[PDB]
């Protein structure tokens, strides 16, 4: 009798889902030990092995089950050489030995994937966590650190919001990279852009990177100073109150992307709503800078390894083409990675747009229009 309580229960259920997903107290020790295990494998396969984690276990937007992204570097590694045939060949020799050593040390389901960009995938033989190892994923490491810094501002606020977006995204196949929809990183970035638009995160409008990209120190510096509205100071000890703030943000998120004009606009944390064509210009500038430095490093390698010379213009051209095809401004979605201007949304196929748009429609309808009918198990119902 005017006694509907759907919204209250939905907020309660969603904050409980968040709380249930959080890694236990000792999880940082678990992940640290995982890093050491992988380093042990690394030290067998390559000289001066160095292992960096990235992805959600670094950002902190994770569950204890979240997979692990790992970046392997070595003596005289250069981020600028990947693409050069001879060095790609060498990186394959490193990953081939890495895969064998990982099997020997007791990693399960080890799969070495031979390619110009080689990767080794496996299930950790201690935790069961799925691991992805690649050489010198410098962008990955850097953007994960920025995301970590963002979360640090108010971990449970940003944490719950992102968690629920992802949980929804996965259930509804909006986050399904193998089905040609979004990956988690791309939707995370999207969700954060809404927070920026709401004044709940600063805009990173001053990238100072050598190639015009946003750096970790750029981000940390802005966030150090950033203030949330004063009300947020009373939300740290009560999930009913905090859940009202996260609920409002989820509403805004759903509505934002059910309505966002992607024909004109991109998603960016550096410049929210920046036009596709301006992103194009930024990309073109970025690629000139990248190309100059790339060629310079290719020459430096050849000077030290003459039998790999002379510089192969065809291969160098192909490498630059690969940089270009990573940053298209005309794909169904353009979601900008702030550390390298890569379009991380580029793989989403035109035929998938309907499903993505429809799921955002459904989410908006449920969170806003049919608020009185809210049921957590319905909103986050697994697709099919």
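Residue numbers count along the first chain shown, from 1.
- As recorded in the PDB entry, 219-227 is the stretch of 303-311 and 219-227 with the greater mean C-alpha temperature factor.
- As the entry records it, the average C-alpha temperature factor is higher for 210-218, out of 267-275 and 210-218.
- Remark: of 84, 192, 249, 72, 84 shows the highest value [criterion: C-alpha B-factor in the PDB entry].
- The residue among 242, 283, 104, 110 whose C-alpha atom has the highest B-factor in the PDB entry is 110.
- Sort the chain's modelled residues by C-alpha temperature factor and residue 115 lands in the highest third, per the entry.
- Annotation for residue 187: C-alpha temperature factor in the lowest third relative to the rest of the modelled chain, per the entry.
- Among the modelled residues of its chain, residue 55 has a C-alpha B-factor that falls in the highest third, as given in the PDB entry.
- The entry lists a Cα temperature factor for residue 335 that places it in the lowest third of the chain's modelled residues.
- The deposited CA B-factor of residue 364 belongs to the middle third of values across its chain.
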